[PDB]
Structure formats: structure tokens, C-alpha cells
Amino acid sequence: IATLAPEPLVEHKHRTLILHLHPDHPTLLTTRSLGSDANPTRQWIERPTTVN
Amino acid sequence: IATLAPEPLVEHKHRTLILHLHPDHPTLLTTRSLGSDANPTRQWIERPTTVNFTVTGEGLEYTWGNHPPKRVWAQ
Amino acid sequence: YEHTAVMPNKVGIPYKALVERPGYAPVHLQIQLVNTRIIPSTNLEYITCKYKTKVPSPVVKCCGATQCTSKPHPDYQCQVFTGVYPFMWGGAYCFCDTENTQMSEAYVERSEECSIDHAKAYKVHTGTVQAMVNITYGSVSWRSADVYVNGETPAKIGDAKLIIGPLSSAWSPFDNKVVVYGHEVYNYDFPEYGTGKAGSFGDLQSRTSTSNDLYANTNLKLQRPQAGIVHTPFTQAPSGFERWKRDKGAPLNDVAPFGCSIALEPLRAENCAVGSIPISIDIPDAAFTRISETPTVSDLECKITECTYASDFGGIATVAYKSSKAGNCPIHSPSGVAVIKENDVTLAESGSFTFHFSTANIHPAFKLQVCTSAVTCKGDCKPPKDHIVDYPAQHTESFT
Amino acid sequence: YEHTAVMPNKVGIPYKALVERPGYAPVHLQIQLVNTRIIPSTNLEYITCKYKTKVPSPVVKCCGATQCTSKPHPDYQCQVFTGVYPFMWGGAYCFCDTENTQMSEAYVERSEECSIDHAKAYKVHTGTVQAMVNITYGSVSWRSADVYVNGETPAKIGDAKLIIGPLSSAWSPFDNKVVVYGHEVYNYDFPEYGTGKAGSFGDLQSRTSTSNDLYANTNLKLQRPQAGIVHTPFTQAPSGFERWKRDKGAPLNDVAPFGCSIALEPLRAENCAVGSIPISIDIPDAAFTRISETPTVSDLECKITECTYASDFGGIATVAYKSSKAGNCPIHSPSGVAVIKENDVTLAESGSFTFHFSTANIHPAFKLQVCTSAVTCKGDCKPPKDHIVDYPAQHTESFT
Amino acid sequence: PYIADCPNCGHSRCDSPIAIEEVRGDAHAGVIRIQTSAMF
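Basis of the calculations
- Residues numbered from 1 in each chain as written, not as in the entry; some residues may be left out.
- Chains lettered and ligands numbered in written order.
- Part of a larger assembly, values for the part shown.
- Heavy atoms only, no water.
- Helix = DSSP H or I, 4+ residues; strand = E, 2+ residues; numbered from the N terminus.
- Rg over C-alpha atoms; globule rule 2.2 N^0.38 Å.
- Buried < 20%, exposed > 50% of the residue type's maximum accessible area, 1.4 Å probe, protein only.
- Contact = heavy atoms within 4.5 Å.
- Areas by Shrake-Rupley, 256 points an atom, 1.4 Å probe, with all protein chains shown as cover.
- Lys, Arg positive; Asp, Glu negative; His and termini not counted.
- Charge placed at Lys NZ, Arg CZ, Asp CG, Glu CD.
- Buried area = accessible area lost by both parts, 1.4 Å probe.
- Salt bridge = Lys/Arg side-chain N within 4 Å of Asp/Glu carboxyl O.
- Nonpolar A, V, L, I, M, F, W, Y, C, P; charged D, E, K, R; others polar.
- Pairing = 2+ DSSP bridges.
- Axes fitted to C-alpha atoms, helices over the stretch in contact; angles between N-to-C directions.

Determination of this PDB entry was carried out by cryo-EM to a resolution of 8.2 Å, according to the record.

Right, dumping it as C-alpha cells:
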């Protein structure tokens, strides 16, 4: 029986995800821009943060 | 149990209300040209009087005593 | 498809805009701002009303003086008097003749009518305007919801989410300072609490009805009673609430500008038709019909048949509908020249159906968008004869 | 003699002006604006507070579906669920295995803390500022009365009639939109009633505490309970009242400009020292002393002896008083260069008495009006050493 | 039933028990509320 972080707040912009975000605990977020240019990102988020 | 003044005689003219009028007692008539220019009028009428009102395009309202307020399209 | 729309502030007439969502069938609006009640921010500053010189019964010392003191009653006027011989039911009763002393005292007090029949001042700020907007939407056909004007408030009553204003026409018909009376509201520069000159408006100035303290500049001046008899000359201005009821000014629901009505109710100023309102709605996508289900109407023709150059929906025009399927077809003139009574027209397989409208230009060259098919309904119109009844549906006067 | 006087808005220091009535002896003022509490016009728009997902107990139909309905509770989230096997004290109890149905329902409700620990929005207008002005007047020596600012209000408390303002410095430190919390007041652009995004401030938005209706955008999303057990997954943003208490902004009593303090009390902003106030008083003529009874002091001399170029009343100056009678003599520097601690000086027959003062110009060339006798107390001053304590009495900085 | 000094009591100032104080012609309905010093 395991973890789960509160859902994100998806916000639209022009080819851009603003994401007001607000976890319970430090959450490792990460992504993969699916181009052959990967351009991934990693950051533990414990403090609520609007990201892009 | 309260007052009421006899009904008016509405008469049309070009953007103008002639009103032959004939009350029972002194009646405070008044209006509101509904433009942002209010241009209201007040006059107690006890003597019967044919009056006039330059109605505008958008409208005017008309208050024959405590008889309810009327309204008028004068295009 | 969040259908932004600038929109004229005018109460009693729908505003049947058209949702041009790219991809699915358009849907008409019917936005009727049934009310424009305002409710500015205000403050009860002081009730006023007519005084009542509710005289406390004077003292009569029979031989020698009775010094008075300044009791804290509102406008506690008190003045000792000598040289009386007070006839009270047995002739006089005090056996002296100059040492007979009479101390008259009188203070001002709220009438019993002050509770109920009372003017009421206010310092009036701007606040926030409201409306019971009906939309008989689309095929929803109904929502009559109370809304706001501030341009981020939704009101999800019905199924649609709608954001209104802020309106550009910030004329609060209320002035800064206002007096209020029962229902007649007066945008009067009331002097203030605590100051009102006697006789003038606000000679009595109580914060509220309960407030035992007040300000009573009534110029209450006691005079000595006459010829050795018990009574209390109180010489006083009848109230500035007595006048202000028969030498007053006229009410703001009879002298305001830009078309307002009033109530002694939340202090609204209803139905103030002025300016525009930038209104924007988020429709429920479920209410949309997809584009491939409404008939395509093109290869049509439109023409007036008896255009009435007028306010009431006297303008008419047949339309040679050339449909593909058969069914409904929402309609609108994206040009504001023509205002149409019908939101929707039923269609058989390429029939013809007249609608009603009203215009303001002799040569109405207005497009008509019959569910994604534009057409010019060019023509010419006729003036009417019979212009004395309430307000129009046309509201589109421009250069013609 | 209605002594008009422009007057700096600053709280904790008297303003000892001088009544120059032609004909009788002058009288000093001592006008200390002990408070500048403001109380703008406002409107309670909505209380907010943290939600409480006070879950109504879910239904569990054992074999077949239970359709849910959208009950009118605020943010009434309800979602039917199947495919359970609910372990409840005897293992499972519903004998089916997929027709076991579970209907979860949860609505948002005001916390019990909402009554008491709750933020509070406002649309804030300007209103009308106040003060408990002490004047230890003349020889009256006392009145501590609550007054207004609007420039026709008197307040006949004591014996003097005094009219204040309107002040020129209309900076309401409150913004238009304000949130309020217990005592910390935040000039925050609260989104609105009816709109607040979940997690953001005002996820719960109740008009007041009593108001059963509200707006609860909490993004409350029920999920199915796990592995055939009775419970209610409610997935929800902790409140924008939870944050706003530890990721908030700072309070206006800690970030305001022009020197204000705050209370959750009539929503005043005390002691806002900014600008000037055109104040005018009607003294009681009885309080005047006629001119022929105070000593005439001319043929005198004034000189500093140890002028302190400072805030505290460090400046001193002997005055070779040359009187006619002996008694009191009110004093003042009509020039604002010098501010004097003594309103009045006692005099024998042409003695000498030092007073205290404070200045801001190295060469204080200020007139001194010793009860109708002017004199220049020219000299030179010395800077101090010891500057870390509350606010000054000098308040007269200019070009020097 | 109080008795006070009526001002023009037929002839002149008598002391009538129905001595009129606090006349209130302040309503609208043709009505006045009056106080006699007499308590009927």
C-alpha cells in the first residue's frame, strides 16, 4: 500500500504548461519532451510551486 | 386606501407628446428623459393643461400622479 | 468557444448572439439582462426625523429660586424663571408674588414616527451591480440566474458558466451623499451628522433609531409662561423633516439620468441602461450539436418582403432555404444592423420560412448567418405611424 | 476669531497654535491628534475558511446498481462505484462479487473553525476618518473628544466647537480589495465570491458564517475504495485557507505606507501620519481673557543658551521678560521652525524664564509671540548623539 | 385622569381635565392622535 501525490492543476498556455502545483511531500517530478531531443527535467518538489 | 388621478389623454406628434390633461386635484407630474441627459420636469397640475414633452429616440417615462409610471417609444 | 461578447447595457430585450465554435454546429444566444440592480457600497450616517419637544414637567418653587442644571438630554434647554403666580385649579397656589419661581426644561427627542417615517442619509460609494439574467439558451431553453458584473465571477446556474463585465459605464446615479425616505431617494448634500442647522434638513440627527444620543440643533428656546399660569412656552423651529416633505426636491427615480429605477430595499438602482458590458460565456459542450447533423443551408436566397424601418419587429424577409437535411437552424445577423425575433428556424428539405426583425438603416444590408451560411438580406424599409408605447428592440441607431 | 489652521496629520504630538483675536488677549492651542482611525466604507463579500469534507456515509447495494443524483449540497461530489467486496467486520457481507455496488458521496462544508478562524474578504471604499482629539485648551485645560474629518462637522464636547478637514492626503492604505484574518489585514486581490480556484485562496467561499450556501471549488474527486473494503477516498486540495496561513503575504500593519496601524475592530487604520488637515475652531469667547488684564511684555530680550539641533525639546532660550503686570503669558512661535514645549509662561514683574523647544535649522531665526510681543530668538544649535527612541516633536524639516 | 390648563377653554384659559397636549397631525390618513390629560 503506497504513495500518491495530490493531483496537479493543469493550466493552458501557448505551447506551454503552467502548472500550479501543491504536493503533500517531496515529489520527484520529471518529463520527456518526446522529440529526438529528449530535454528531460527532474526536480523533487516539496514546496508548492508554479512551474513551466 | 389612497389617491388616483384621472387618466391622461395621450396624443401623438413627431417625437413629442402633446397631452391634454385634466386632473381632479393638484397632481405632481414628472418625467425622466432616459438619456444620460436626464432632463426631468416637475410641476404640480391642478388646472387642466395641455402640456408637451420633447421625447427623444430612446424613450421617456411619464408619471400621472401615483398612477403607475408610463413609458414611451418615440422613434 | 468561450464566447466573449461586448454587450449593450439595456434591460428588457434579448441579445441573441451566435456561438461560432469551429468544428461543431453553432448555437444562438438569447441574453436578456432582465435587471441591472446596483447596490452600491454605502453607510448609514444618521437617521433624521421630526423632533418632539417632549417637555419634562416644569418645577415651580413657590418662594425663592431653583437653579437649573444642564442635564445631558439632547438639546436640553432649561431656563429658570421668576415672577409668576401660577393659576392651577384654585387660582394661584404659591403664596409669594415675585419669589414664585418656575423652572422650565425641555429636551428634544425622536418622534415615534422617527422609527418608521424618517429620512435617512448615506455616504454612498460605488459597490457592485447585479442582474437576474435569463438565457433561454440554445436548446436548453432556460436559466434565470442572479449574477454579478465583476469580470471574473461565474454563476453556474443552469448549465452554462458566464462571466460578465466589468461594465465601462461607471455612472452611479447615486451621488456621493444621499438622503433616503421610504421610497423616494434624494441625492442630497445632507449637511452632516452633528451639525444640521435648525429648521434646515437634519435638525434632528440620530445615528439610528435605537441611538439614544443624537444632535438636535432645533434652536429650542423656552420663554416664560404668561400672567401667572402653568405652561411651557417652547419656541422652536418646526423640523427640517417637516419641510423636506413639502418644500423638498424631486426624487432620483424621477430626476436621474441614463434610465434608472429605485427601491428602499438593498438600495439598488434598477435597470440603468447605459454603456456596454464585456460578457463571456463557457457553454456546456454537451449542449453543442456537431456540425454534421444540422442541415447545410447554402445555395439559398434571402429578400425582404415588407421591411418596417422601425423598433418593433416589423421587418420581415422570406428566405429561399436550400437545405441538405431537414431540421432546425439557428439564425443571427452578426451585423448589429438587424435584430431578429427568431433565434431558430425549422427547415424541411429546402423550403422557405420568413422571420421577423427590426433595423435602423433605410437600406438594410445585413448579413444573416443561417447555421453556417451567410447571406445579405439587402432591401428597403418603410417608416411607421404609431409611436407611443414602451421601449424598442432595435437599439442599433448609427449613420444611415 | 474662528481660528482656521492648516495642520499636519501626525498623531502623537500637540500643535500649539495661537489665537490672534484682535481686541482681547490671545490664547494658545494644544491640538494633539491622538488618533487617526479611518474606518473606510466596506462590504463583507464572503468569508472563507478551510473546508471539511464531512463525508455522508456511502451506500453499498449488494447486488446491482444504485444510481446517484446531484444533491444540492455545496460541491456535492458523488460517484457510483461497482466491483467491490466490502470487508466489514465479518469479512465481506454482500454475497455478489461484481454486482456489489458502492455509491460514494461527499460534499464540502464550512469547518467549525470557519465561524471563528476565517479569512474575510472585502470590497473597500474610502469612508470617513476620525480622531479622539485632546485639547488641553487655554485655561480650560481639557477635552478629549471623538471627532470626524469632513469639513463641516463640529463636536461640541468640552466647550469649544471644532471643524476638521477634509484632509488632502486621501491615501487609503487599504486597497480596493482586502482580505482580513483575525488581526492581520491583507490588501489582497481576492479572486471573488463564487470563483476561487481550488487550492488557491477562497476555495471555500461563504457569504457569511450563517450562510448555508457557498462556493466550494475544491476539486473534490472521489475515488473507488480499495480491495473490497468500506471507506471513501476523497481526493482533494487542502484548502487555500490552509495555505494563505503559511505561504501567505505579509500584513498591511507590516507593509503599509505612510505610517498606519490596523485592527479587526471597525476596520480602522489608525494613526496614518500623512499630509495636512485644514482645522478651524470656534472658541468660547468666555474662555478669552480681555487684553487689558494680561501683562504687556515688550521691551524684552530673547536668546538661546543651549540650542539642541534636534527632535526632543532640547532647544532652550532665556527671555528677559519686561512685563507691566504680573501673571501668565501664552507663547508660540508663529513660524513653524521652532516647536515649543511650554504653551504658557508665568511672569513676575519683568523677570526671566527659560522655555524648551526644538528646531531643524542651524540658525534658528524664529519669532516668538509672548502674548502680543514678537521677538527673534536668533542663535545657533548643536547636534545630538543618541538617536534610537520613538518619534519626534520637531516635524519641521525644510531648507537649512 | 390628569387635569391641566387648557389654553382657550371656551372663554379663556381654564383648567380642563381634557387639556390637549401633543397634537400630532403628522400622519396621512385624515387621522390625528391626541392626548387629553383625561384618562378615558
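For chain B, the count of helices and strands is zero helices and seven strands. Reading chain B from its N terminus to its C terminus gives the helix and strand order β-β-β-β-β-β-β. Against the 2.2 N^0.38 benchmark of 11 Å for 75 residues, chain B shows a C-alpha radius of gyration of 12 Å, consistent with a compact globule. Along the first, second and third principal axes, the C-alpha atoms of chain B reach 35 × 20 × 15 Å. The proportion of buried residues among the 75 residues of chain B is 39%. In chain B, 52% of the contacts between residues at least 6 apart in sequence involve partners at least 24 apart. Summing over all exposed atoms, chain B offers an accessible surface of approximately 4400 Å²; the carbon and sulfur share of this is 56%. If the 7 positive side-chain charges of chain B are averaged to one point and the 7 negative ones to another, these points end up 4 Å apart.

Right, let's talk about the interface of chain C and chain E for a bit. Contacts between the two partners involve 13 residues from chain C and, on the opposite side, 11 residues from chain E. Summed over both sides, the interface of chain C with chain E buries roughly 1000 Å², with 45% coming from carbon and sulfur. Put simply, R24(E) and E112(C) hold a salt bridge, and the shortest N to O gap is 3.1 Å. Tallied by class, the residues present in the side of chain C that touches chain E amount to five nonpolar, three polar and five charged.

The subject of this paragraph is the arrangement of the chains. By number of contacts, the leading pair among the four pairs of chains in contact is chains B and C. What separates chain B from chain E at the closest point of their C-alpha atoms is a distance of 9 Å, and the two make no contact. Contact between chain D and chain E is absent, and the least distance between their C-alpha atoms amounts to 30 Å.

Moving on: the pairing of strand β5 (residues 44-48) of chain C. On any regular strand, side chains alternate: one points to one face of the sheet, the next to the other face. Residue and element names in this part refer to chain C. Burial of β5 is extensive: four of the five residues sit out of reach of the surface. Pairing of β5 with strand β11 (residues 119-123), which is carried by three bridges, proceeds in the antiparallel orientation. Following the sheet pairing, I47 is matched in β11 by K120.

Take the environment of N176(D) next. All names here are of chain D. One can find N176 in the loop between β13 (161-163) and β14 (177-181). On the basis of relative accessible area, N176 is assigned to the partly exposed category, the value being 48%. In the structure, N176 is positioned 52 residues away from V124 in sequence and 4.8 Å away in space, judged by C-alpha atoms. Residues contacting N176, with those up to four places away along its chain left out, are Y122, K123 and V124.

Our next topic: the pairing of strand β22 (residues 276-282) of chain C. Residues and elements named next belong to chain C. Note: strand β1 (residues 3-8) against β22, six bridges, orientation antiparallel. Note on β22: the bridge partner recorded for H3 is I281. Here strand β13 (residues 161-163) pairs with β22 via three bridges, running antiparallel. When the sheet's bridge partners are listed, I163 is paired in β22 with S280.

The next subject is the sheet that holds strand β2 (residues 16-21) of chain A. Residues and elements named next belong to chain A. Reading across from one edge, β1-β2-β5 is the order of the three strands in this open sheet, with antiparallel pairing throughout. In this open sheet, the two strands that pair with only one neighbour each are β1 (9-13) and β5 (49-51). Put simply, the sheet's adjacent strands are angled 20° from each other on average, direction ignored. In the sheet, β2 pairs with β5 via three bridges, with the strands oriented antiparallel. For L21, the partnering residue across the bridge sits in β5 and is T49.

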